[PDB]
Structures are given as C-alpha cells and as structure tokens.
Amino acid sequence: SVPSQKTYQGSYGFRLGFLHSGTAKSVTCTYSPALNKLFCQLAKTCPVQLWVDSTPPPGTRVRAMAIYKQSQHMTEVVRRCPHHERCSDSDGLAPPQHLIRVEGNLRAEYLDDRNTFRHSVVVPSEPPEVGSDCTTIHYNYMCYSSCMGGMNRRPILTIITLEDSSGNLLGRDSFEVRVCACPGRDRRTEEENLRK
Ligand SMILES: [Zn+2]
C-alpha cells in the first residue's frame, strides 16, 4: 500500500542527475543537492537526467510516481486538486487527475493502478544519443504544493524506477519536490534553514 523509496542502482548503475540552474528569483526549476529536493514552478519543464553505467535491455522503461513524504499521509494517493483536475489543460494524453506529466514523448503511457489507484507515467528507456553521456526526461508538475484539497502543503517525493518489460524492478532513485511560485527564493530559504 506504499511504494518503496529505497535507492537502488541495480545491475546497470541507474541514478538521476540534475542541472545546476542557480537560485535567481526568475529561475523556473532548480535542484538542491543538500536537500535532495527539486523546486519548480507550476507546469514548467523539469529536466531530469538518467545515468547508467551499462545499457539495459531493449524494452526497459522509466516510471515516475509521486507519494507523500510524511508517513501519516503515505497511503493517500497523490493527485491533482479539485480545481486543477477540472481546468481542461489536457495535453491529449495525460489524464486530468495526474500530477506528473512527461513533456514531448509520444510513447509516454499513463497508468491508473487497478489495485492501488496510484498514478504514474512511464516511457521507454533509450541509450544516449551520439556524443551524449546521458538521456533527459522533461517532467511537469501540474499542481502547487499548496493546492487546497490536493497536496494541501504536504511535501511529496517523486520515485523514478527503471523497470524491465514486465514491470520488474531494475533500479530506483527519488527526490523531494516543492511546486511553488518562486523556486529560487524557496531553495535559498530552505538551504539556509538547513545550515542554521
Ligand atoms: Zn491544484
């Protein structure tokens, strides 16, 4: 009733990477290594790098799923709030209830789990292009952390899993997410709070 969040590189050395976007007031997405936390604006591009030490088999996939970080909320499905699930901002593929979308991948699939009712979005794993050392998935988060009746100011984690063609686990990584109006200021504030 709760997905695992244990980091697991697995046989292929799977792990995530993030750009170094800084903390200017204007930044739309920024990652804090010290907090393992992504700060982003609503429905803005969040580039997440996928790194492996060796290429997994054809048919490998990469799944993203959100869970609440606090234990007393972890059994609750993370979903869009009653406002945003009705605002008709569909990309033609993502169900309007799903918090996490993938941008610009026509092979993305959206799952409503028939047993847990949790949402996820999955894409094929592909090796890096010629001259590149990793691949990047562009995610969008479609509600604010503060949305009433949805996340309701509760922190969430995103769990990224590398899966074989049957859905079996090959690798796992994760990061906290805050969706907010001013990611640069909020990253600076929370990093200062950690230091203090
Ligand atoms: Zn919302």
# chains A, B, ... in the order shown; residues from 1 in each chain; ligands from 1
>>> residues_near_ligand(ligand="ligand 1", cutoff="10 Å", atoms="only C-alpha atoms and all ligand atoms", output="ChimeraX atom specification")
/A:42,79-87,97,99,141-152
>>> select_by_dssp(residues="segment 28-193 of chain A", states="strand (DSSP E or B)", output="number ranges by chain")
A: 29-32, 37-40, 46-51, 61-68, 100-102, 109-112, 119-124, 135-141, 156-163, 169-179
>>> residues_around(residues="segment 171-181 of chain A", least_positions_apart="4", cutoff="6 Å", atoms="only C-alpha atoms", output="ChimeraX atom specification")
/A:7-10,14,36-41,144-145,156-162
>>> write_last_selection(atoms="N, CA and C atoms", output="CSV table (one decimal), in the first residue's frame")
chain,number,residue,atom,x,y,z
A,7,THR,N,16.8,3.8,-2.5
A,7,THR,CA,17.7,4.0,-3.6
A,7,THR,C,18.4,2.6,-4.0
A,8,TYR,N,18.4,2.3,-5.3
A,8,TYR,CA,18.9,1.0,-5.8
A,8,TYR,C,19.5,1.2,-7.1
A,9,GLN,N,20.8,1.2,-7.3
A,9,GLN,CA,21.4,1.4,-8.6
A,9,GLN,C,21.2,0.2,-9.5
A,10,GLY,N,21.2,-1.0,-8.9
A,10,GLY,CA,21.0,-2.2,-9.7
A,10,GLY,C,22.2,-2.6,-10.6
A,14,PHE,N,22.0,2.5,-12.3
A,14,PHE,CA,21.0,3.6,-12.6
A,14,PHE,C,21.0,4.7,-11.5
A,36,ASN,N,18.3,17.1,-1.4
A,36,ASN,CA,17.7,16.2,-2.4
A,36,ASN,C,16.3,16.6,-2.7
A,37,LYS,N,16.2,17.9,-3.2
A,37,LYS,CA,14.8,18.5,-3.4
A,37,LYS,C,14.8,19.3,-4.6
A,38,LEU,N,13.8,19.1,-5.5
A,38,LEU,CA,13.6,19.9,-6.7
A,38,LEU,C,12.5,20.9,-6.3
A,39,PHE,N,12.8,22.2,-6.7
A,39,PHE,CA,11.9,23.3,-6.6
A,39,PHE,C,11.5,23.8,-8.0
A,40,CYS,N,10.2,23.8,-8.2
A,40,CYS,CA,9.8,24.2,-9.6
A,40,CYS,C,8.5,25.0,-9.6
A,41,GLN,N,8.3,25.7,-10.7
A,41,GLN,CA,7.0,26.4,-10.9
A,41,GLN,C,6.0,25.5,-11.5
A,144,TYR,N,0.3,23.1,-7.5
A,144,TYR,CA,1.2,23.6,-6.5
A,144,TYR,C,1.1,22.8,-5.2
A,145,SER,N,2.3,22.7,-4.5
A,145,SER,CA,2.3,22.1,-3.2
A,145,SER,C,1.2,22.6,-2.3
A,156,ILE,N,5.9,16.1,-1.1
A,156,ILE,CA,5.9,14.9,-1.8
A,156,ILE,C,7.3,14.5,-2.2
A,157,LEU,N,7.4,13.2,-2.5
A,157,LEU,CA,8.6,12.6,-3.2
A,157,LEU,C,8.2,12.2,-4.6
A,158,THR,N,9.1,12.3,-5.5
A,158,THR,CA,9.0,11.6,-6.8
A,158,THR,C,9.9,10.4,-6.8
A,159,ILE,N,9.4,9.2,-7.1
A,159,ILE,CA,10.2,8.0,-7.2
A,159,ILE,C,10.3,7.7,-8.7
A,160,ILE,N,11.5,7.5,-9.1
A,160,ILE,CA,11.8,7.1,-10.5
A,160,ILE,C,12.3,5.7,-10.5
A,161,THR,N,11.7,4.8,-11.2
A,161,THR,CA,12.1,3.4,-11.3
A,161,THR,C,12.5,3.0,-12.7
A,162,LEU,N,13.6,2.3,-12.8
A,162,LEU,CA,14.0,1.6,-14.0
A,162,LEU,C,13.4,0.2,-14.0
>>> closest_residue(among="A:193, A:4, A:90, A:165", to="residue 60 of chain A", atoms="only C-alpha atoms")
A:165
>>> select_by_dssp(residues="segment 12-125 of chain A", states="helix (DSSP H, G or I)", output="JSON, numbers by chain")
{"A": [71, 72, 73, 84, 85, 86]}
